[PDB]
Structure formats: structure tokens, C-alpha cells
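# need the 3D shape of this:
(one chain, ligands or ions: 1)
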Amino acid sequence: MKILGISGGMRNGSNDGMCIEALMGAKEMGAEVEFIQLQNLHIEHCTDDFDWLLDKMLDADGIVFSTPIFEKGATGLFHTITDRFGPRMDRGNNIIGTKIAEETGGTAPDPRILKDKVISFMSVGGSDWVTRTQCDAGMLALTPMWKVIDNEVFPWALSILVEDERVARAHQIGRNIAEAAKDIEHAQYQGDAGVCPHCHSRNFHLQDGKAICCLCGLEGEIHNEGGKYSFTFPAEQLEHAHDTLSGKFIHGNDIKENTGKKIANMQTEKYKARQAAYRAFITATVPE
Ligand SMILES: Cc1cc2nc3c(=O)[nH]c(=O)nc-3n(C[C@H](O)[C@H](O)[C@H](O)COP(=O)(O)O)c2cc1C
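Numbering: from 1, shown residues only. Here you go:
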């Protein structure tokens, strides 16, 4: 079993340490380990070393990703990696694509891409402003439907490398990812049970008559049973959940239909006239 550790913090900072401590626990379980420090990489925003990074992640049986917390969420770079997983790693599209390829004599895309995989996350912050990072982390796994093992948040963690019990927790997380990768099929989630019984998320978008889980997108109802929160949903919503094949197939077909509508709409005179007036009204300002 091959475990990859990734750190999005500063070189030789706390995320590196927690990540490496997780790698140590993974080796204790018998894993070969590798470490990638993202500050050594050049990665552009979704409109360069990304393909290299992706190849490394695809060669790993399990992944431990440690990210700083920026504004109560993961770093911009973590969000960029998530943006850029979209067109290459979506499990629905990759199943569709290799099916069309096999049936039309096309070229079989990369086998590694559809391989099952386990991943764990650690979010390390300076304070208690930490309420969005675990959902950001889940977002990265959601696209390829990698199986999350741990998804841990460390608040008040500037001095975490002298906090022995919290370092021991990174070590255990590394043991977990290693065991999980031994038998990916029977690997089991080890994290907080959360509120969403399906997602494990604690993040919700709330409107009248509809509570939406911010990770998996199930639409249902939030209950306050004396301060304890719970989340229910009609079972049929499971077909639409954003982290299932069924939900991804639906989502992708909606994108295809709506993209087709747009291409045709771009031919209309209404579209062309409005666009021409935008171009004539103003020119974009750029730095000299
Ligand atoms: C721009 C910026 C925003 C940050 N926002 C938060 C935050 O919202 N909550 C929090 O706990 N820490 C925040 N921090 C502190 C970082 O999480 C902290 O510096 C990081 O975990 C250090 O890790 P490193 O040692 O690996 O680099 C922020 C830091 C920076 C630079």
C-alpha cells in the first residue's frame, strides 16, 4: 500500500509536520510513503504542475492531505485544486467516457482514473474560525467519489507541534489511512458522525421548507430536538445526492442539455445584439 502525504502549509510548518507524522503512522502500518509540499509546485487558477500532482495522486492507494485554514475554510490553492479536479476526475464522466471509448473503438482513457481510492484530510488553523474547512475538504473527494476516512479540524493550532495529544491524533489518522488502503472495499469512515447521515457534514444552507446539505446536496429538513440537530430527507433524494453515481449522471445530463441550449442561444440575434452592445459600451481596464 502506497500512501501519499500532501501539505498545503508553509515549508517546514505545522501542516508539514502533521502530514509527516501521519506518514509515520502509515509506515508503522507497513505503507510505503511519499510527501509532496505544495509550495514547491506551480499551479495556476482554473480559468501547470497540476498534471504532475494528479499523476502522483493517481498512483497512490491512499492520501493524507493537510491544509491550513484561511477565512474558515481551506486555502485558495486547495479550492483551485478542487476546481481543476472537475474536468478530469469526475467519476460519472469517466465511467461514461470509458464506456463510449470501449464501444466506439476509442482509446481507453487512464485505468488509474476510475480506481477506487481512500483519502483523509486534516485542517489546521490558528483560531476557532474553522466552520467551513471540513466541507471544503469533502468537496475535493466528492468529485471522484474517493472514500473519506478521516476529516479532522485542528483549531488554535499555531503551537500544535508541541501539543503531544494532537500530534498523536495525526499519527492515528495515518494509521487509519494505511489500514483503509489495505482493503479499500471494506474500508470504513472513521470521522465525526456529523448531522447529515449520508454526507456526515455539519454545513447546511437553510430556506423555508428546505434544508440543503452543503456537501452532498440532499434536500430535506433540519430538526432541533432540544439543542441537538438532526437531518431527515425523503429517501428518493438519495438518487440525486451529489456524491453518488446516480446523482452525478443526472447532474451531467442537465449540464449537457443546458450546454446545448446555450450553443443555440449564442446564435440568436438577441444574444448577438446584447453582446455587441456590451463590447461597445466599455473596454476592460488592464495594468500598464
Ligand atoms: C490569510 C490567512 C487567513 C487565515 N485564516 C484563518 C482562519 O480563518 N481560521 C484560523 O484558525 N486560522 C486562520 N489562519 C491561520 C492559518 O491557518 C495558519 O497560519 C496555518 O495553519 C499555519 O500553518 P503552517 O504552519 O503549515 O503554514 C489564516 C492565516 C492566513 C495567512
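
# residues of the stretch 151-288 of the chain that sit close to the ligand?
residue 155 (C-beta under 6 Å from any ligand atom). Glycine gets a C-beta too; all of them are placed from N, C-alpha and C.

# and the helices in the stretch 151-288 of the chain?
Shown for the stretch 151-288 of the chain, the helices assigned by DSSP state H, counting those that start in this stretch span residues 164-182, 245-265, 269-281.

# residue contacts, residue 118?
Neighbouring residues of residue 118 by C-beta atoms under 8 Å, 6 or more residues apart in numbering: 61-63, 146-149, 177, 180-181, 184, 187.

# which SSE is residue 119 in?
strand 118-124 (DSSP states H and E).

# now the angle from that strand to helix 164-182?
The directions of strand 118-124 and helix 164-182 differ by 160 degrees, with axes from the mean of the first three to the mean of the last three C-alpha atoms, to 10 degrees as the criterion.

# could you chop this structure up by domain?
What automatic domain parsing lists as the domains of the chain is 2-182, 204-240, 245-281.

# packed most tightly, which of the helices of the stretch 151-288 of the chain would that be?
Compared across these, helix 164-182 shows the largest average neighbour count, a mean of 21 (mean count of other C-beta atoms under 10 Å).

# helices or strands up against that one?
strand 2-7, helix 14-28, strand 62-68, strand 118-124, strand 147-154 (3 or more C-beta pairs under 8 Å, 6 or more residues apart in numbering; DSSP states H and E).

# what's the angle between that helix and strand 62-68?
Using the same axes, to 10 degrees, the inter-axis angle of helix 164-182 relative to strand 62-68 is 150 degrees.

# restricting to C-alpha, output helix 164-182 in PDB.
Coordinates of the C-alpha atoms in helix 164-182 are reproduced here as PDB (Å, rounded to 0.1, in the frame of the first residue of the first chain):
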ATOM      1  CA  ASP A 164       1.600  15.800  22.100                       C
ATOM      2  CA  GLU A 165      -2.000  14.500  22.200                       C
ATOM      3  CA  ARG A 166      -2.900  16.400  19.000                       C
ATOM      4  CA  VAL A 167       0.300  15.100  17.200                       C
ATOM      5  CA  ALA A 168      -0.700  11.600  18.300                       C
ATOM      6  CA  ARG A 169      -4.000  12.200  16.600                       C
ATOM      7  CA  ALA A 170      -2.200  12.900  13.300                       C
ATOM      8  CA  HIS A 171      -0.300   9.700  13.900                       C
ATOM      9  CA  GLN A 172      -3.600   7.700  14.300                       C
ATOM     10  CA  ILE A 173      -5.000   9.300  11.200                       C
ATOM     11  CA  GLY A 174      -2.000   8.000   9.400                       C
ATOM     12  CA  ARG A 175      -2.600   4.500  10.800                       C
ATOM     13  CA  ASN A 176      -6.200   4.800   9.600                       C
ATOM     14  CA  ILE A 177      -5.500   5.800   6.000                       C
ATOM     15  CA  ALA A 178      -3.000   2.900   5.900                       C
ATOM     16  CA  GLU A 179      -5.300   0.300   7.100                       C
ATOM     17  CA  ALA A 180      -8.100   1.600   4.800                       C
ATOM     18  CA  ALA A 181      -5.900   1.300   1.800                       C
ATOM     19  CA  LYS A 182      -5.100  -2.300   2.600                       C
END
